[PDB]
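J.: Got an experimental structure here, sequence first:
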Amino acid sequence: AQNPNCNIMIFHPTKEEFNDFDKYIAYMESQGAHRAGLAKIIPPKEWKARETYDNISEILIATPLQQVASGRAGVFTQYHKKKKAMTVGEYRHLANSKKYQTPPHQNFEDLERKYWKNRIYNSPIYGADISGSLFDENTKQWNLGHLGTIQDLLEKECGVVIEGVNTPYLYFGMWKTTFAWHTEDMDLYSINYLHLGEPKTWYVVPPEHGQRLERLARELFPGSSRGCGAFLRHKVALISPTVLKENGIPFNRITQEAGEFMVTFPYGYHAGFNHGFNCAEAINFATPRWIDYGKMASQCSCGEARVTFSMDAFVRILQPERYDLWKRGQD
Ligand SMILES: O=C(O)CNC(=O)C(=O)O
Ligand SMILES: [Mg+2]
Ligand code: NI
Ligand SMILES: [Zn+2]
């Protein structure tokens, strides 16, 4: 078995190897990359997502989210308070202000220490889930707005034709902005490209150990657990690496820098934070190996997680028994 310790792998495709996305994902899995839950892909040196970022300040963040924490430093929830719209130019200025800017630090490790020590005492503002793309239409390789769609994969593998579309989202982050412990909708893959700015640190649990994280989460968030049998779908819970180590949960960590892709694999729980002002783009995708994960994915039926138009069809076709009760939560 390849990569038995489930380490995060880093790949350096040639420009030749960068032409066929599906084939490269299948290559990575042949080397065991999926066992980690997360992989880094460094694009060939000849490749670019676009010519410059010089004109992005006029993108609108229509609903910036202020991420308010409750709990203790290593075990907390966050709630998202909606703020008034602002442009990317306004947001970047806010991120760079004395109140919100990255503090002085020695290196990534010192900054990670400061994050876990101090996150709960601040409420950074996150521009999340903004439909759009920053890839130039002329970028032909690994353009996240030109991937084959999940609906087309399900059609190719299973023969069923369904409604729905699949488009990318932009994320504008600042120091301490946080993504809570989650897997993707329907335990899909995700791919994330860091277009610009400061790094993003990721934590990940190997898919084969995801249930260990869920069991810990039920112990640490016991009222949330009683309210919903898949409460990590709410994307509100944080657990520090110290806490994970104290409870024996297998995990890994890695820092993504501007110009790098990350791929998350089906049922790979992940969480993380941003080091300072940045802009990432991400989208879900599928392969044939995903299908069985999609059939087994947990669902939130309490009604909090409230998810896309396209997820309907996935649940309807892959999880017909659940369909009924899931859509009671969604309506
Ligand atoms: O970048 C972020 O804030 C969150 N992204 C993801 O969870 C992802 O790409 O799967
Ligand atoms: Mg603009
Ligand atoms: Ni994700
Ligand atoms: Zn729920």
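T.: Yep, it's here. Numbers count the residues shown, from 1 in each chain. Ligands and ions are numbered 1, 2, ... in the order given.
J.: mind listing the strands for the stretch 1-150 of the chain?
T.: 9-11, 38-41, 60-61, 65-72, 75-82, 86-87, 125-131 (DSSP state E, counting those that start in this stretch).
J.: other SSEs contacting the second one?
T.: Under the contact definition 3 or more CB pairs under 8 Å, 6 or more residues apart in numbering; DSSP states H and E, strand 38-41 sits against strand 9-11, helix 21-30, strand 252-256, strand 261-264. C-beta coordinates here come from the backbone N, C-alpha and C atoms, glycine included.
J.: Return the most buried member of these.
T.: strand 261-264 (a mean of 23; mean count of other CB atoms under 10 Å).
J.: near ligand 1, anything from it?
T.: Yes - residues of strand 261-264 contacting ligand 1 under CB under 6 Å from any ligand atom: residue 264.
J.: Who are the packing partners of that strand?
T.: strand 38-41, strand 189-197.
J.: ok, back up a step: turn the strands of the stretch 1-150 of the chain into CSV, columns for distance to residue 331.
T.: Putting the strands of the stretch 1-150 of the chain into CSV (distance: least, CB to CB, whole Å) gives the following:
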stretch, distance to residue 331
strand 9-11, 42
strand 38-41, 34
strand 60-61, 29
strand 65-72, 24
strand 75-82, 22
strand 86-87, 32
strand 125-131, 21
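J.: so which of those strands is the most packed in?
T.: Neighbour counts (mean count of other CB under 10 Å) averaged over each of these peak at strand 38-41, with a mean of 24.
J.: Please enumerate residues in contact with that one?
T.: Residues outside strand 38-41 that contact it (CB atoms under 8 Å, 6 or more residues apart in numbering): 8-11, 13, 24, 28, 33, 142, 202, 204, 252, 254, 256, 260-265, 268, 270.
J.: go again using 7 Å as the cut-off
T.: Under the contact criterion CB atoms under 7 Å, 6 or more residues apart in numbering, strand 38-41 has outside partners 8-11, 13, 28, 33, 202, 204, 254, 256, 260-264, 268, 270.
J.: how much space is there between the nearest residue to residue 254 once chain neighbours are set aside and residue 222?
T.: Nearest non-adjacent residue to residue 254, counting by CB to CB, 6 or more residues apart in numbering: residue 8, 4.9 Å away. Here the criterion is CB to CB, to the nearest Å. By it, residue 8 lies 31 Å from residue 222.
J.: Now do the contacts for the residue of the stretch 1-150 of the chain found nearest ligand 1.
T.: With CB to the nearest ligand atom, the shortest gap between the stretch 1-150 of the chain and ligand 1 falls at residue 128, namely 6.4 Å. Contact partners of residue 128, counting by CB under 7 Å, 6+ apart, are 65, 171.
J.: do the one 4 residues further on as well
T.: Residues near residue 132 by CB under 7 Å, 6+ apart: 168, 170.
J.: For it, give me the backbone phi and psi.
T.: Here is the backbone geometry of residue 132 (degrees, to the nearest 10): phi 160, psi 180.
J.: how close does it sit to residue 49?
T.: 13 Å.
J.: How about residue 267?
T.: 28 Å.
J.: What of residue 217?
T.: With CB to CB as the criterion, residue 217 and residue 49 are 35 Å apart.
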